[PDB]
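In what follows, a structure is listed as structure tokens, so that the remarks can point back to it.
In order of appearance the chains are A, B, C, D and E, and numbering begins at 1 in each one.
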């Protein structure tokens, strides 16, 4: 419950930041560019923290089993239950990665290791380039 | 070959509810023909055994309420493995089963009874059947991020810069 | 205390995307 | 108003037994989406740099026009316009100091 | 004054170098790394949030 509690508080503050950026964008007059950058960076790094913390506690979330309350009436709130129950993605993202995979399209493994060696080589090359010139 | 996930899989059987109707007595009978009911479960074995013999908090409440549920234990305690048991019922529209597997560890040194371990979640709402929240949360967040990316790229397209003023619109 | 609660952002108008297919017997 | 809230209660479910089946595909497909992200990264960076280069060379064009259009002794300063409020170049040419 | 401009350009240059190295490493190992040894530290737990963090890196740089 502790992990889900931390997820709750962090997601609540993320939703609060979203409500903020919403009600300062809803104005008919656009504020200064710099305030928009500050709000963007803060909210976006907060989203990063959301992702990282959700990553950290996957085991606690998975272990939990969902069950409706005995006191909760489904006869009158079945629509509300179904609203939270449904999880299928929005369609546009679906065909989005479908076209993405269409465009992308032992052989695969050796290309994978070739990518490994290119990555390592590029990292070493840029380390050497940084070391070549004194930046301090 | 594209498969729809069984968690979102929803079966409707209008003919069965028209013929028999929705009741706790035949809720397992309603579930029998569904794809989610594995034919390898010991419940089906008990069903053929019964057929051959004929031819030849709320957990305790539902425990004490029905005698067929009793017969379910006295026919299920002998067979260990994947079994289907009822979780809870509120009439006349809501039933949920408890998907658990049993390993009757009768080894020396274990004073506990047979081990019961969950496997899946199944919810019978009306005539429909429903079967991770982590996936829901990550899906919502990723779609939100995609929409945010679209909005921000559009806004950056709207941005115009001049050296003598800075950035304006 | 709590500076401000969150505004109700329910979207019942969302149509949902539940796939329905195993109806035929 | 919907219900008295006691909805979420802790529960336990075991972890699914691992195998080669799903992690290798999960990670190679993650490689796929991140190769995607690299592709759109390169495309977005190229578009941004093209836009920046075009605009930037435009203001060097105006900049060179300003530099090679201005001559010189003259009392030059910056003033804030009454109507616009920004800084503009001004020259004192009166006989006040003469 | 001028010394403040000197310092500001100093963090300007070092920030360029650091963000350059960051985007270089991010794009080079954008191909996710799976290594059985405990020494390696590369985690891809939630599938699509990986792409979200990727576009995060893109927008930041």
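The rule we apply is simple: a residue touches a chain if its C-beta (ideal position, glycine included) is under 8 Å from a C-beta of that chain, and two chains touch if they have at least 3 such contacts.
Between chain C and chain E, how many steps is the shortest route if every step has to go to a touching chain?
Each step joins two touching chains, and the minimum needed here is 2.
Kindly work out which chain lies most centrally, taking the average of its C-alpha atoms as its position.
A
Applying the contact rule given earlier, which two chains have the most C-beta pairs between them?
Answer by contact count: the chains A-B.
At what distance in angstrom does the C-alpha mean of chain D lie from that of chain C?
That gives a centre separation of 34 Å.
Roughly how far is chain B from chain D, going centre to centre by Cα mean, in whole Å?
Centres of chain B and chain D (C-alpha means) sit 47 Å apart.
Distance-wise, how many Å sit between the C-alpha centres of chain A and chain C, to the nearest whole number?
Inter-chain centre distance comes to 19 Å.
Using mean CA coordinates as chain centres, what's the chain A-chain B distance in Å?
The separation of the two C-alpha centroids amounts to 27 Å.
In chain D, which residues are in touch with two or more of the other chains?
Within chain D, residues 11-13, 31, 33, 35-36, 44 contact more than one other chain.
Which positions in chain B touch two or more other chains at once?
8, 118, 134, 138-139, 141-142, 145, 152
In chain E, which residues are in touch with two or more of the other chains?
If we look for residues of chain E contacting two or more partner chains, we find 31, 46-49, 51-52, 55, 59.
Every touching chain pair, please?
Pairwise, the chains that meet the contact rule are A-B, A-C, A-D, A-E, B-C, B-D, B-E, D-E.
Write out the stretch or stretches of chain D touching chain E in their complex.
My answer: residues 23-24, 26-27, 29-31, 33-38, 40-41, 44-45.
Under the touch definition given earlier, write down the residues of chain C that touch chain A in their complex.
4, 6-7, 9, 12, 14, 16-19
Applying the document's contact rule, which stretches of chain E touch chain A when the two form their complex?
Touch list, chain E to chain A: 13-14, 17, 21, 24-25, 28-29, 31, 33, 43, 45-46, 49, 52-53, 56, 59.
Over in the complex, which chain C residues touch chain B? Could you list them?
Chain C residues touching chain B: 18-23, 25.
What part of chain B is in contact with chain E in the complex they form?
Checking each residue of chain B against chain E gives 134, 138-139, 141-142, 145, 149, 152.
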